[PDB]
Every structure is written in C-alpha cells, then in structure tokens.
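Written out below as structure tokens is the structure these notes cover.
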Amino acid sequence: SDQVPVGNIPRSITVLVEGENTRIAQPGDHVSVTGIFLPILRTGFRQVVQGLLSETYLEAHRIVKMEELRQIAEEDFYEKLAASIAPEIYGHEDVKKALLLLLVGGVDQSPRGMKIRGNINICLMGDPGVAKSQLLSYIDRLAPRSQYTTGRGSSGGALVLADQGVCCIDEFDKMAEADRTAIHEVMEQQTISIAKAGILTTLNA
Amino acid sequence: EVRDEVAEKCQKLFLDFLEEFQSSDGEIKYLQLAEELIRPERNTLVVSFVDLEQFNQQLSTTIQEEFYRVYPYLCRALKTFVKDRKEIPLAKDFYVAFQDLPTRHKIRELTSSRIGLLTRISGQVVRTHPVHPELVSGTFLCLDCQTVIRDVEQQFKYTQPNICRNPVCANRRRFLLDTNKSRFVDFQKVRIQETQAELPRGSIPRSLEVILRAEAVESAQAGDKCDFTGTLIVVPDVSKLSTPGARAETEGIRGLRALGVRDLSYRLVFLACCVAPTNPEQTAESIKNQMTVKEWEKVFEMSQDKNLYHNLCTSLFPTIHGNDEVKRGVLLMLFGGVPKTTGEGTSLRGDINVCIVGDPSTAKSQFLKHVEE
Amino acid sequence: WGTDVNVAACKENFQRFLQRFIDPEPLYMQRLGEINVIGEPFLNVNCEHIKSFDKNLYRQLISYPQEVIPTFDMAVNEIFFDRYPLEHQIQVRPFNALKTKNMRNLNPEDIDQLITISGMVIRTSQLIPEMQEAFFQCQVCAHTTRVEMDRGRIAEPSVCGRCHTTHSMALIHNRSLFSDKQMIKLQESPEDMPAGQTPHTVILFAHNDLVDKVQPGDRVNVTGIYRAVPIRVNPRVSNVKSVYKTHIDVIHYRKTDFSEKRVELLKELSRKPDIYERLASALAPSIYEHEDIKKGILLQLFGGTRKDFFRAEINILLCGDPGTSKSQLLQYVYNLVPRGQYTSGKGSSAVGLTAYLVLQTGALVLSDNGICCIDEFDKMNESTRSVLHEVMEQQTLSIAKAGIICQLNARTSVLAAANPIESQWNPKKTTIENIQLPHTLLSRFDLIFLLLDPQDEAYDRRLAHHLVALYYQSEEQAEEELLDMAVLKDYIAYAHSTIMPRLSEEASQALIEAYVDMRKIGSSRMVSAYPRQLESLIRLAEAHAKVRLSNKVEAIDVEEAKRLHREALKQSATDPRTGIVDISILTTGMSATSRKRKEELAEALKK
DNA sequence: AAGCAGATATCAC
DNA sequence: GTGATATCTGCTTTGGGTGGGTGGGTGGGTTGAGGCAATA
Ligand SMILES: Nc1ncnc2c1ncn2[C@@H]1O[C@H](COP(=O)(O)OP(=O)(O)OP(=O)(O)O)[C@@H](O)[C@H]1O
Ligand SMILES: Nc1ncnc2c1ncn2[C@@H]1O[C@H](COP(=O)(O)OP(=O)(O)OP(=O)(O)O)[C@@H](O)[C@H]1O
Ligand SMILES: Nc1ncnc2c1ncn2[C@@H]1O[C@H](COP(=O)(O)OP(=O)(O)OP(=O)(O)O)[C@@H](O)[C@H]1O
Ligand SMILES: [Mg+2]
Ligand SMILES: [Mg+2]
Ligand SMILES: [Mg+2]
Ligand SMILES: [Zn+2]
Ligand SMILES: [Zn+2]
C-alpha cells in the first residue's frame with residue numbers, strides 16, 4: 001500500500017511456481033520473487049481471434065519470505081513489557097497490562113491434558129478520543145497473526161485468518177445482528193459454522 | 001429379420017392372460033375394463049400384478065426381470081386384445097400399467113443392477129413440468145425415390161431412417177418427417193424427493209427424475225406423497241450425439257461415430273407406468289350410484305331417522321361434554337345453504353359462518369379439530 | 001509394463017501369507033471361514049501384517065496396487081475354494097490402520113500408488129452409471145452383438161455380420177451392462193489443518209459395493225489409489241491442459257468416530273427401589289443442585305404413551321437469569337437423544353426451525369419423534385412464534401410455497417431455554433412480563449422451571465467448590481460417567497421399544513380427584529386450574545410408569561406427577577405481590593392484581 | 001487451429 | 001467396371017458485446033442501485 005502512487009489502485013501479478021519452489025509462499029506473507037517475465041501463450045482457435053496483446057506472468061525462480069536478555073526477563077519484566085505497549089500513548093497503564101495478558105493468552109490445557117479455552121477476551125468501552133483505536137492498531141502490528149476490522153468496513157472472514165491469533169474489532173457497537181451472532185459463537189465454541197444451501201461446514205476460529 | 005424369442009413368448013402368454021383370467025364372479029376381469037378403451041381419452045389399461053402372478057408365475061417372473069425389453073410386446077398384445085371392437089382407429093396406441101407390486105424399494109436402492117427391471121418406489125413430488133408431445137415412431141418420405149418409410153424407432157434423440165426401404169435406393173442422408181402420419185405420446189417430467197420417513201438420519205435428501213406418459217400425465221401434484229411403479233433406465237447426454245438430421249448441440253465412453261471426438265455420459269431416470277397416492281358434475285342419482293347397496297340403505301335409514309339432528313350432533317362431537325347448541329350450529333354450518341345467482345349476474349352467498357368465543361381451555365380448539373378431521 | 005511384478009510369484013507369496021501368518025489357526029483362515037458363514041465376499045487385510053511377513057510383497061502392493069490386488073483376489077479365491085467346496089468371488093481390500101499421508105502433502109511421485117488419508121465427508125453425489133459392455137442391434141436385420149469396453153473406448157461395429165450392411169448397428173443404451181460409481185468430497189480434518197488456512201478438499205470415487213457406504217458428516221480413513229487425469233480445454237476439441245487433475249479411487253473405508261445380558265442388567269436396574277433418582281442423577285452429573293429440573297427432563301426423555309386415537313410429547317421451558325447452566329443442560333439432552341436437534345430461535349442462526357428445487361424441512365420436522373432443543377427462545381420473531389405454536393398445538397407443519405402444498409408430520413418435544421429482556425431477572429415482574437412471549441405460547445408447555453441466581457454466600461462457595469472439583473476431575477471418573485450415560489441411553493431405548501403403560505382404575509380415580517382438588521383450591525376464594533393441566537398430569541404419570549418399566553400406571557406415578565407439576569407452578573406461577581395460587585398469569589398473561597388495578601385506573605379515568 | 005460434413009478421385013477385386 | 005475408402009475442400013467455431021435488444025432469458029455471463037411489498 002505504501003508504494004502505490006497518489007490516487008491509484010494497487011496492481012497484481014501472476015506467479016507460476018514449479019518443483020522445489022512450491023509450498024513456500026502462503027496468503028498474507030511478504031515475499032521477494034526472482035523470476036522471468038513472460039507472456040501467456042494462447043491455444044487453439046483463441047490464437048487466431050486474439051490480436052497482438054497478451055497476458056503476462058512471472059515464472060518463479062527463487063521465492064524469499066520477508067545474559068542481558070535473561071537480565072531483562074529476570075527483574076520487574078512484567079512492568080517493563082506492559083509499559084512498552086504503544087509508548088506514544090499516555091496514562092493507560094493498567095489497560096496496557098491487560099492487553100499484554102491477551103497476547104500470552106493463558107494456558108490451553110487442563111492439568112490432565114484435556115483441552116480448555118485459554119483465549120482471553122477484552123472489551124474497551126469509553127468516550128471518543130481516548131486512544132482506543134490507537135491501542136487496537138498497535139496490538140495488530142505486534143501480534144504475529146492478527147486481523148484488524150471495523151464495524152462497517154467488512155461483513156459476512158477475518159476471524160478464520162485470525163485463528164490462533166487476535167481479532168481486533170473496532171467500532172464494536174456498529175455491527176449488524178449477523179456479525180454479532182458470529183462473534184458470539186466464536187467466544188463460545190472457537191469455530192465458525194457456514195451453510196451453503198444446507199451443506200454445513202465448520203472452520204476453526 | 002432376427003426374432004426375439006423371449007419377448008414373443010411373453011406377448012403370447014400375456015394375450016392368453018388377458019383373454020382367460022377370471023374374476024371371483026366368473027366373468028373375464030379385463031374384458032370389461034378393456035371395453036372402456038373405446039373412448040378417445042382412454043389409452044391405458046391397469047393390470048394387477050397379483051392377478052398375473054396367480055395366472056402364471058413364470059410369465060410374471062419373466063416380465064419382472066425383462067420389463068424394459070418386453071413392454072412394447074405387452075402393449076402390442078393389448079392392441080390385439082382390443083382390435084375386435086370397431087370403434088378403435090388403426091392408429092391408436094395402447095399402454096399397460098401394473099398396479100400392485102408386492103415388494104417396494106427405497107430411492108437409495110435404485111442401483112445399476114435394477115436397470116430394466118420392474119420396480120415400485122415411494123416419493124414426495126417436488127416439481128411438475130408442462131406436458132409435451134413426444135415422438136415414438138416417425139414416418140418419413142425419401143427425397144430420392146419418394147418412398148414412404150414408417151415405424152422408425154426413436155432412442156432419446158431425433159433419429160431418421162438409416163437406409164431407404166427400397167432395395168434399389170442407396171440413400172442415407174435425405175429424408176422428410178411427416179407429422180400427420182407419425183405417432184406421439186403425452187410426456188411429462190416430474191421431480192420427486194425422499195419422504196421424511198425414508199430420509200436417513202443426518203442426510204441431505206436424494207432427488208429423482210420421473211417420466212410420466214399417456215394417461216399418467218398431470219396425475220401427481222407437488223407436495224403429494226405418491227407410489228410409482230415402472231422401471232429404472234439410463235438416459236444418455238443427447239447434447240453430444242450427432243445424427244444425419246440433427247447436428248450435435250453444445251468422463252464418458254469414447255469411440256462412437258456419432259460422438260466424433262466427444263464423450264458420452266449417462267444419468268438415471270425412472271420411467272413410471274403407474275402412479276398412485278401412497279395412502280389413499282355431481283347429482284343425487286350419481287352420488288347414489290357411486291355407493292354400494294348397503295351404504296345406500298344406510299343413507300336412507302339415516303334420512304328416515306326421526307332423531308337425526310341429535311344423533312348426528314352426538315356422533316360428530318363425542319369427546320365434548322355439554323354445549324349442545326354449539327354442536328347444532330356447527331352441524332348446520334356443515335350442511336350449508338343454497339348459493340344462488342341473480343338475473344344480472346350477481347351472487348347471493350349460501351355458505352354459513354360461525355364464531356365461538358370462549359374462555360381459556362374451554363374446548364373451542366376441540367370443535368375446530370373435530371370439524372377439520 | 002515398467003513394473004518388477006511377476007504375477008505367479010506374487011500370487012504364490014500371497015497364498016503363503018494367508019496360509020502361515022499368525023496374529024501377534026491363521027488369522028485370515030478364520031476370516032475366510034467367517035466369510036463362508038456370513039456370505040459377504042470381502043476380505044479386509046491389514047497392510048502392516050503383509051509388511052511384517054514379507055517386505056517385498058508390501059513394497060509391490062504399495063507401488064503397483066492396480067496390478068497386484070487382482071493377483072491377491074486370485075490367490076484368496078483359489079485358497080477359499082480349496083478349504084470350502086457365493087454370488088461373487090471374494091475381493092481383497094487392503095487397508096492401513098492409520099493415515100500414511102496428509103491431504104496437503106500429496107505429490108506427483110504418489111501417482112498410481114496406494115495411500116491412506118483421513119478426513120470428514122461433506123458431500124456425496126447420486127449414483128453414476130458406467131458402461132462395462134455395450135449392446136448393438138442392426139437396424140435392418142435386428143441382429144445383436146455385444147462389445148466389451150476397453151479403456152473407456154468402445155469399438156463400434158462397422159458392418160452387420162448377418163446381413164453385411166454397413167453402418168447399421170445402433171447402440172441400445174438400456175440393453176447394455178452398467179456398474180455403479182459415486183463422487184465423494186472429503187474435507188481436511190480440523191486437527192491436521194495449519195493455523196489460519198482454509199481446509200483442503202479431495203475428490204474420491206467409489207464403485208460397486210463401496211457406494212453409499214459413507215454419508216456427509218462422517219469422519220473416515222480412506223485407503224485408495226491416487227490418480228491423475230487430463231482435462232480437456234473444451235468439450236469439442238481433443239486438446240488437454242498440461243496441468244492434470246487428481247482424485248482417489250477408493251479401496252477401503254474405515255469409519256473413525258438388545259443382548260439378553262443387557263436386558264437382564266436393565267431389568268435389574270428397574271427393580272431397584274430408587275431407579276428414578278438414580279437415572280435423574282446420571283442425567284447430568286456436571287450441573288449442580290437442579291434436581292426437579294433433571295427429573296422433568298428425564299420424564300420428557302421417556303415420554304408418555306402414544307394412544308393413537310393426543311400429544312404424548314412433554315414440553316419443558318427453562319427460563320432464568322444469565323450465567324446459569326441452561327445451555328449445558330440443553331447440550332446434554334441433545335447428546336443423549338437419538339433423533340434430537342439443537343437449534344436457536346434467532347433468525348440469523350445457521351440451522352432454522354422452519355421449512356423452506358429441494359424441499360428443506362426445518363429442525364422441528366427433523367426432530368419428529370424426538371426432542372428439539374431451542375436455546376434462545378425469547379429471540380424468536382413473530383413468524384417463528386407462529387410456526388412453533390402450530391407445531392406444538394397440531395404436531396404438523398403446513399407449507400404452501402413454490403407450487404408445493406403439503407403437511408409435514410412434526411411430533412416433537414420442545415426443550416426451550418429463555419432469558420429475561422432485562423440484564424437480570426426482575427422479582428417485581430411475573431414470568432410473562434419477564435420474558436416477552438405470548439401467554440398463548442406459554443400455555444402449551446407442560447412444565448416451566450425458573451433458574452434464578454441466588455444472593456446467598458454459602459451457595460456461591462458450594463458452587464465454587466463444585467466447579468473447582470470439576471476443573472480437576474480425573475480420567476477414571478470421566479470414563480465412569482460415560483459408562484453411566486451409556487447405561488442411561490440403553491435404558492431409554494429399551495423403555496421406548498417395549499413399554500406402553502396404561503391407566504389402571506386406581507390411577508384414573510387418583511387423576512380425577514387430583515383435578516377436582518386443584519379446581520377446589522381456586523373455587524374456595526378466581527380459577528386455580530384448567531382442564532389442559534389434567535392432560536399434562538396424565539402424560540407425566542405415564543412417563544413415570546415408563547421409568548419403572550411398568551405397563552400399568554399406578555397411584556405412585558400420579559402422586560409423582562402431581563408433586564412435579566405443583567413444584568413447577570410454585571417456581572413459575574407466583575405473583576410477586578400476593579401469592580402463587582393465581583394461574584391467571586398463564587391463561588391471560590396478566591396478573592389478577594394487575595387486572596384489578598387496571599380496572600380501577602380505567603374506571604377512575606372514566607370518572 | 002481443430003473437426004465434422006460433403007465432394008470426389010482412387011485402388012482393389 | 002462397382003464398392004469401398006482414402007484424400008481434399010469449405011464451414012464455423014469462440015461465447016460477446018460493431019451482432020440485436022424489433023430474438024429470448026426454460027440457451028448462458030457479482031456488483032451495485034433502485035423500485036416494490038411487507039415490514040417494523
Ligand atoms: N492518552 C493519549 N495519549 C496519546 N495520544 C492520545 C491519547 N488520547 C488520545 N490520543 C490521540 O487522539 C487521537 C484520537 O485517538 P483515537 O482515534 O485512537 O481515539 P478513539 O478512542 O478510538 O476514538 P473514537 O471513539 O472516536 O473512535 C489520536 O491521535 C490519538 O493519538
Ligand atoms: N366441555 C369439555 N368437555 C370435554 N373436554 C373438555 C371440555 N372443556 C375442556 N376440555 C378439555 O380441555 C382440553 C381442550 O383444550 P383446548 O386446547 O381445546 O382449549 P381452548 O378452548 O382452545 O383454549 P386455549 O386456546 O386457551 O388453550 C382437552 O383436554 C379437552 O378434553
Ligand atoms: N448450577 C450450576 N451448575 C454447574 N455449573 C454452573 C451452574 N451455574 C452456573 N454454572 C457455570 O456457569 C457456566 C455456565 O454458562 P452457560 O453457558 O451454561 O449459561 P446459560 O445458562 O446458558 O446462560 P447465558 O446464555 O445467559 O450466558 C459454566 O461455567 C458453568 O460451570
Ligand atoms: Mg476509534
Ligand atoms: Mg386452542
Ligand atoms: Mg446460554
Ligand atoms: Zn429412397
Ligand atoms: Zn444386419
């Protein structure tokens with residue numbers, strides 16, 4: 001996004017990968033692709049009908065993804081780590097401490113190895129201009145796997161991409177009933193259920 | 001011409017069965033029924049499979065195992081059995097229906113091994129399609145020699161004659177269809193579904209395509225639960241087949257000349273000869289005629305009973321205690337008045353409306369349920 | 001063929017395997033004997049056994065399944081016909097106990113090799129016929145011929161043998177021979193999925209007796225051959241895409257989730273004096289101190305007698321404050337019942353209550369002769385409320401849509417959970433005004449229970465200890481509870497199968513006197529009962545008789561029904577102002593004191 | 001470019 | 001010299017908007033904005 005020119009729309013390219021270059025890239029990763037820029041060959045009668053114009057693709061050749069430490073851990077490390085959450089924000093010391101717990105997330109197993117829910121859910125309710133969106137924006141950038149969404153920017157998916165991660169829901173009271181039901185079921189079962197004309201399916205959330 | 005021995009034997013034995021099978025009263029059961037086929041709207045005869053099984057078990061077994069193969073010959077036997085009566089045109093076609101098949105199969109039991117056998121199924125109708133005329137045997141004119149070819153069989157695809165009848169003629173490509181001397185049958189496509197009783201637990205319903213022909217058309221309605229007796233067949237992908245008279249229209253088997261370089265897939269449809277409900281111009285004289293003698297004398301006795309008003313009231317509502325006036329009113333509603341039309345074309349209502357205002361749990365719903373049942 | 005497979009040697013090796021292998025009488029000799037006894041001509045063989053005996057035979061089986069399996073069939077047939085002098089010859093079905101591959105790691109090197117994968121079935125197709133032998137008839141002389149299919153291609157005859165005419169042989173489609181095929185879609189298991197990626201899906205093809213052996217929702221281990229097939233550019237041309245599509249030819253399915261002794265155990269339980277309380281305790285061990293609710297739910301599970309003249313179904317509504325254990329109870333009942341459905345009253349819900357070309361019946365119709373659990377009862381819209389009233393009153397669901405007119409049977413028992421409209425239950429408010437539902441709908445429930453949150457500290461401490469103990473419960477206790485639940489399920493199944501209680505004379509007199517007394521309570525001072533309640537008693541009484549495994553309803557059943565009904569009313573029929581006896585809140589939706597106050601207000605404003 | 005329909009010259013018996 | 005049977009020639013295909021909305025959406029094409037009836 002930061003590289004698109006002013007008042008433009010980002011462009012896309014197609015990359016064809018073969019052999020030992022497969023299974024390296026996943027949706028969402030930042031990659032540097034070395035390859036050959038080539039036109040797509042048509043076939044059959046479609047050679048004749050189409051003119052001198054061609055679609056293109058990139059033929060992939062290489063895909064690249066893009067005791068002092070103990071001492072920091074040893075003393076007052078909880079206070080230090082919490083204070084390091086969005087230092088440009090002022091005065092939310094205890095809220096910042098709560099957000100750090102949401103990042104570690106609690107223990108996932110019972111004492112006998114049975115699976116139990118560890119994920120911690122937090123809701124920040126307040127009047128305008130108290131750095132709620134700034135704090136949410138910070139947590140999205142810090143979290144390894146996360147998705148930021150607005151009440152009306154998207155509806156009817158981000159939860160699946162945020163599995164094992166953090167889902168920052170801004171403007172939480174602006175959502176519709178359908179969106180509310182999905183969030184309710186995630187905080188209950190940690191899954192998302194969809195029905196394609198009676199064909200049910202369950203996704204991890 | 002090579003002759004199919006099994007089918008001819010089935011035809012002969014079926015003609016014997018139609019001629020000879022005897023009812024309880026000693027008359028020929030199906031002669032009196034075939035006597036009804038002189039009407040233009042009637043072309044189908046309904047035959048009980050139990051009667052046929054009693055008459056000849058080998059014939060019944062052969063029919064069950066080779067139904068699709070032998071059905072045309074059974075229809076020909078019916079044609080012969082009707083030929084005597086003068087009123088039938090030589091061009092009329094007759095069809096046989098089979099009513100009471102002892103065994104039933106589930107829609108998920110319709111496998112490849114059942115193709116061509118006689119079967120009975122149950123299903124809930126989801127959709128009915130408009131009626132069409134379907135060509136069964138075409139009459140063609142040869143453009144080279146002007147010879148008339150008749151009785152060209154059709155196989156899921158508009159087929160023209162392969163070779164001209166005339167030995168001298170060598171034509172293979174140029175013919176003309178003559179509608180007026182061709183034979184058509186009424187055709188209807190229905191889509192049915194598994195009944196809620198049959199639907200396996202936690203399973204999406206399985207749907208089936210049924211084809212009704214001749215009298216069976218327009219006899220099943222969407223939402224009805226119906227028993228279909230017929231046969232399971234395969235229907236090829238017509239869109240792939242090319243014929244001299246018909247070009248192809250935009251895996252499977254390969255290698256047919258009509259296929260070119262294309263593939264042919266198949267799908268299963270049910271070809272029903274009989275439809276029935278799964279759970280089964282008027283005038284006073286006709287109403288009487290529909291009834292048996294015992295029923296008619298019972299009706300007359302009811303009409304003569306001097307306590308009829310009270311007896312009917314008590315019989316209709318036995319579970320309700322008291323409220324005799326309400327019962328009388330509901331009975332009078334059930335009998336109704338005489339609707340009339342004026343000289344200028346306006347209507348005078350003859351129906352009766354009744355209202356019951358009640359306290360909670362006073363049995364008004366009971367009145368409504370009794371009337372409804 | 002580029003295979004180091006000698007057919008004779010492979011057949012001999014496999015016959016040796018069947019003769020000598022011993023499971024750590026040869027195991028598969030016993031299997032062949034069982035095949036003779038039963039008559040199902042299928043022998044399943046564990047690939048691990050073949051590996052242990054012979055590592056070359058295993059290696060060849062995995063590398064060249066298509067060539068090797070038929071030799072196994074020949075060997076098994078020969079051996080079996082020797083030992084026991086069947087519609088079809090026996091067919092071997094090698095399988096792996098555990099998956100050897102992940103759906104995400106299938107590679108070109110695995111093409112035409114035997115693999116095992118685990119997954120969850122999502123869709124199955126209708127049957128597809130495959131031609132095996134074509135039937136031709138001359139359109140001139142009627143001479144007939146049969147041609148065997150060869151690698152998906154058929155050699156159409158060019159000239160009739162009998163009459164020598166050219167291009168006269170027409171294919172008769174419905175005189176040919178066909179075999180069954182089914183397309184199945186297998187979804188990657190949730191456990192093996194990498195974090196945050198959408199599930200992968202695979203196509204499987206089943207043939208002959210393996211069709212319809214799995215249904216959507218099943219979790220299965222599938223052993224089969226990995227195939228690669230070319231894709232045509234368009235149907236008309238013979239050009240193909242350089243990238244192949246793949247599927248799996250299914251070879252073996254493994255579904256991975258009364259006896260006289262069992263009947264004797266059930267009857268021994270039924271003889272015990274306190275069977276009612278034992279079953280009630282077993283019903284929901286996790287929930288704490290809701291004894292009467294558990295007893296009512298047990299009676300609902302058993303149900304009353306199907307008279308076939310009368311709803312025999314028992315409807316229960318649990319209303320209460322948030323944070324109680326209502327959803328847990330509904331989940332436990334849903335797991336227990338065989339033909340149950342768990343659903344929600346909210347319209348946005350994934351599973352709907354209403355029936356809606358494919359006719360889709362709702363949960364109420366699907367739960368016919370079962371229990372429907374409805375969690376957010378108060379969140380139903382008006383149309384859903386009308387549908388539910390129709391189901392509860394008439395036990396049918398009428399549809400007139402898209403040209404379809406029909407009535408669907410819905411003989412289902414409703415277990416509903418309800419929350420108040422406010423953030424907490426309001427003692428000043430009655431049940432009707434606490435939950436915004438019509439009184440007409442509430443009057444259809446046999447029992448309404450109130451799950452209130454106490455202010456007591458001792459209750460909080462006891463519940464805290466209960467929950468901590470559950471948080472530390474051991475595996476043996478969990479297994480014991482599972483066994484008790486299985487016993488309960490078997491008991492209920494047996495009772496439904498064989499017990500049909502009938503009213504004895506003493507029970508009839510008890511019921512009549514009970515109704516008269518309930519009426520008298522109100523008549524002394526209003527109305528304190530209506531005839532519908534009597535019906536409820538009957539149902540409950542019958543249910544109790546079924547719990548004892550008794551075909552006669554006795555006075556003890558009537559007494560228990562009276563006690564339970566009187567407890568439910570005392571929980572949910574109480575007027576916050578004066579007392580309980582007033583049932584007018586259920587019948588009219590308005591408290592008698594409220595009605596008098598409104599009459600006074602109207603008269604004063606009329607002054 | 002790919003494939004079916006039609007026309008027509010050509011081997012073989 | 002007739003019956004295949006092998007070679008050659010001309011047609012039109014594709015889905016597409018210069019081929020129409022005076023062909024029809026039961027012959028088949030996402031995305032958004034705009035009227036309805038029922039809705040709250
Ligand atoms: N305590 C604070 N320290 C630093 N910056 C602050 C603080 N409070 C507010 N701001 C600044 O105020 C501006 C508004 O903050 P922000 O958009 O995060 O508010 P908000 O609580 O999400 O508001 P809204 O409810 O209106 O969406 C941002 O520039 C943020 O940097
Ligand atoms: N007079 C009566 N005779 C016999 N049974 C009666 C009588 N009054 C009530 N009942 C019994 O009451 C029940 C009928 O209740 P029903 O549902 O018909 O009442 P309702 O008038 O529709 O009231 P509501 O709609 O308020 O429930 C049945 O048990 C019926 O046997
Ligand atoms: N009586 C009880 N017995 C056992 N656990 C209880 C009880 N009351 C509350 N709990 C605990 O409360 C939680 C139950 O929440 P649950 O989802 O079942 O509530 P609910 O009654 O459906 O309410 P709501 O949907 O309004 O939140 C679990 O922690 C359960 O252990
Ligand atoms: Mg904000
Ligand atoms: Mg009523
Ligand atoms: Mg709940
Ligand atoms: Zn001719
Ligand atoms: Zn011939």
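So that the names make sense, note that chain A is the first sequence line, chain B the second, and so on, each numbered from 1.
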Q. Side-chain donor-acceptor pair under 3.5 Å between C:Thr384 and C:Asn381, yes or no?
A. yes

Q) Using atom P of each nucleotide, how far apart are E:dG19 and E:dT14 to the nearest Å? A) 16 Å

Q | Check: B:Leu268 and C:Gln126 side chains under 4.5 Å, non-hydrogen atoms | A | no

Q.
Among residues at least two apart in sequence or on other chains, which ones pass salt bridge (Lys or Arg N to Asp or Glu O under 4.0 Å) with B:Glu1?
A. none

Q) Quick one: do the B:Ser207 and B:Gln193 side chains pair a donor with an acceptor below 3.5 Å? A) no

(Q) In whole Å, I'd like the distance from the CZ atom of A:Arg42 to the P atom of D:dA2. (A) 14 Å

Q.
Can you check the distance between E:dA33 and E:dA37, where both ends of the measurement are the P atom (answer in whole Å)?
A. 23 Å

Q) Tell me, which pairs form a side-chain hydrogen bond (donor to acceptor under 3.5 Å, both in side chains) where one or both residues lie in residues 210-219 of chain B, sequence neighbours left out? A) B:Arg42-B:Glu215, B:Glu134-B:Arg213

Q: Could you grab the distance from atom OG of A:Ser54 to atom CD1 of A:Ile40, nearest 0.5 Å is fine?
A: 8.5 Å

(Q) Roughly how many Å apart are E:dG17 and D:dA2, using the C1' atom of each and rounding to a whole number? (A) 25 Å

Q. Quantified in whole Å, what is the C1' atom distance between nucleotide E:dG29 and nucleotide E:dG24?
A. 15 Å

Q | Atom-to-atom span, CZ of C:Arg236 to P of E:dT12 - whole angstrom | A | 12 Å

Q.
In whole Å, measure the gap between the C1' atoms of E:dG15 and E:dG28 for me.
A. 9 Å

Q | Residue met sooner reading DNA chain E from 5', once A:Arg46 and C:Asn381 are mapped to nucleotides | A | A:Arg46

Distance-only donor-acceptor hits, side chain of residues 161-168 of chain B, under 3.5 Å, sequence neighbours excluded:
residue	atom	partner	partner atom	Å
B:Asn162	OD1	B:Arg172	NH2	3.2
B:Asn162	ND2	C:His167	O	3.2
B:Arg165	NH2	B:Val148	O	3.0
B:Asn166	OD1	B:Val168	N	2.4
B:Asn166	OD1	B:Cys169	N	2.8

Q | Criterion side-chain hydrogen bond (donor to acceptor under 3.5 Å, both in side chains) on B:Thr159 and B:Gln154, from CA distance to verdict | A | CA-CA 6 Å; B:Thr159 72; B:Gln154 307 294 313; 3.2 Å; yes

Q: Please state whether the rings of B:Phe140 and B:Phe175 are parallel, tilted or perpendicular, taking 30° and 60° as the class boundaries.
A: perpendicular

Q | DNA chain D contacts made by residues 252-261 of chain B, counting heavy atoms under 4.0 Å | A | B:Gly260, B:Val261

Q) So what does the secondary structure string of DNA chain D come out as, 5' to 3', with Watson-Crick or wobble pairs under 3.5 angstrom, [ ] for crossing and | for pairs with another strand? A) |||.||||.||||

Q | Centroid distance under 5.5 Å and plane angle under 30°, A:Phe45 vs E:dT13 | A | yes

Q. Just wondering, are more than 12 heavy atoms of other shown residues or ligands nearer than 6.0 Å to NZ in B:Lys157?
A. yes

**Q.** B:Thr139 side chain vs B:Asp178 backbone, donor-acceptor pair below 3.5 Å
**A.** no

Q: Compare side-chain N and O positions of C:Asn239 against OP1 and OP2 of D:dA2 and report whether any pair is under 4.0 Å apart.
A: yes

Q: Just call it for C:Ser238: base, sugar-phosphate, or nothing, with non-hydrogen atoms closer than 4.0 Å on any strand.
A: sugar-phosphate

Q | Pairwise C1' distance for E:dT18 and E:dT5, with rounding to whole Å | A | 46 Å

Q: For E:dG16 and E:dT9, measure between their P atoms and round to the nearest Å.
A: 30 Å

Collect all protein-nucleotide pairs involving nucleotides 1-9 of chain E in which both atoms are nitrogen or oxygen and the distance is under 3.5 Å.
none

Q: Between E:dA6 and D:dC13, how far apart are the P atoms? Round to whole Å, please.
A: 13 Å

Q: Report which part of the nucleic acid B:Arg247 touches: base, sugar-phosphate, or nothing (heavy-atom distance under 4.0 Å, all strands).
A: nothing

